[PDB]
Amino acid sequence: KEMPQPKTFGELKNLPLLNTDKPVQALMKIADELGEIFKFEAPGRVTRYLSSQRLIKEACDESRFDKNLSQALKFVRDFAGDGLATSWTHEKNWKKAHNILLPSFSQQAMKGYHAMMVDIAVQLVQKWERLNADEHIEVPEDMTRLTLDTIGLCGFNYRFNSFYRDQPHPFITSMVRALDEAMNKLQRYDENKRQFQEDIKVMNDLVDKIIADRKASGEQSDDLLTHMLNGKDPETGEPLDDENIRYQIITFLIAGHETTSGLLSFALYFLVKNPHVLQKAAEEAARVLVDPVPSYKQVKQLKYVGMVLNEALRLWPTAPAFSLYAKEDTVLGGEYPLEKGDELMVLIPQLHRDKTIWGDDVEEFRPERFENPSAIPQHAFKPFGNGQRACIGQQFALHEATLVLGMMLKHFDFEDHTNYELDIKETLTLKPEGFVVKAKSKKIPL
């Protein structure tokens, strides 16, 4: 009945609890203390953080709960606009882009992105092949170069050329700074706003220019931009307009780059921390990736790598939360009455540590947990969100992560040469900050 609430700060309610550089980890510790549900109040904001599969399975009932824009998403909406991730389900552009983009994010569509993914993946492999002895890999840094470039290439046939750079492409700098400013707005500035508007303008100008260039040239590529320029929503018969296409492209970059790079970085982290798991994954990569360049079909065959990725997503879902609102008055879990519009936050990493689901060894990295999706209770594993508002890029992210992880495991032995201590940097996403490895090439050509 009575819902726990973490410590309050007078008028600020719980908001100062998020004024910490690891808020998800803070919320997880709160969930450790308070359990499956706690109220979290901020000025002009009430939400409830859910951590148990028992409650989250109800929160994932789309007849009762719809996606809410968290404050994070609301701030990201200032530059992702009514792209898929930052639009309400009832916004015309959400359903329109969803209908248009769903076929281009399907598992089948991954066949068409595969070559571009391989392009960037090979650049990552070659970068690491070209390291000198006793040089090391900055893992999240390289993973992010890889995911940004892959989304740039598959998203709008644009090469950020992150592997040619120490300083990222200015758009990436603007996007990352915009995300940081969105994230900074949660925990709490006149310079920030001018910087924020400048970064939005940088993002809009580049993306609008690429769209305009593509419309002017009429060139067809295997990228999402082409699909969006040619796509018509079957429902309305309407295409996305150019502004929404821009917001989608920006959204793919926001939604996909750091989540996926975090996933790769955590996966490699857990792999090097779990040599038997790494050996099994590496054995699979060697057995499956028999060609110099992985095929799409081979990536699908990287089953254990897929389980590795799911288990990394289990422990550290890199988009660590999503928000829901009660569509109508409803009772959560038979004991928490919710009024229409009441907000829920799904604390995914805590969900993924529900011992009633995963057993006592929830902290252990055991990809074998995912051998059979049917053995996993409903809504126990939500790294890609829920229902129609689930990650549209899930197949993309998993394909890219499996491909890249498979190639990494094929081509290198990895050494946790610093005995890296997991330090999870929090933006709107999670990544193992300062995770570094040494990769001894297995000298397998590409």
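We number the residues from 1 along the sequence you see.
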Which class fits the unmodelled deposited stretch between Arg188 and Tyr189: none, 1 to 3, 4 to 9, or 10 or more? 4 to 9
Mean Cα B-factor check, 400-408 vs 40-48, entry values; winner is 40-48
Which has higher Cα B-factors on average according to the PDB entry: 67-75 or 176-184? 176-184
Member of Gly83, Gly218, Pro317, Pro140 with the greatest C-alpha B factor (per the PDB record): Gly218
Looking only at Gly333, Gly262, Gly155, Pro367, the Cα with the top B-factor belongs to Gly333
Entry-reported C-alpha B-factor of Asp342 relative to its chain, by third, is middle
Compared with the other modelled residues in the chain, in which third is the CA B-factor of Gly306? lowest
Split the chain's modelled residues into thirds by Cα B-factor; is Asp291 in the lowest, middle or highest one? highest
Taking only the Cα B-factors deposited for this chain, tell me whether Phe163 sits in the lowest, middle or highest third. lowest
Using the B-factor values recorded in the entry, state whether the Cα atom of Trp94 falls in the lowest, middle or highest third among the modelled residues of its chain. lowest
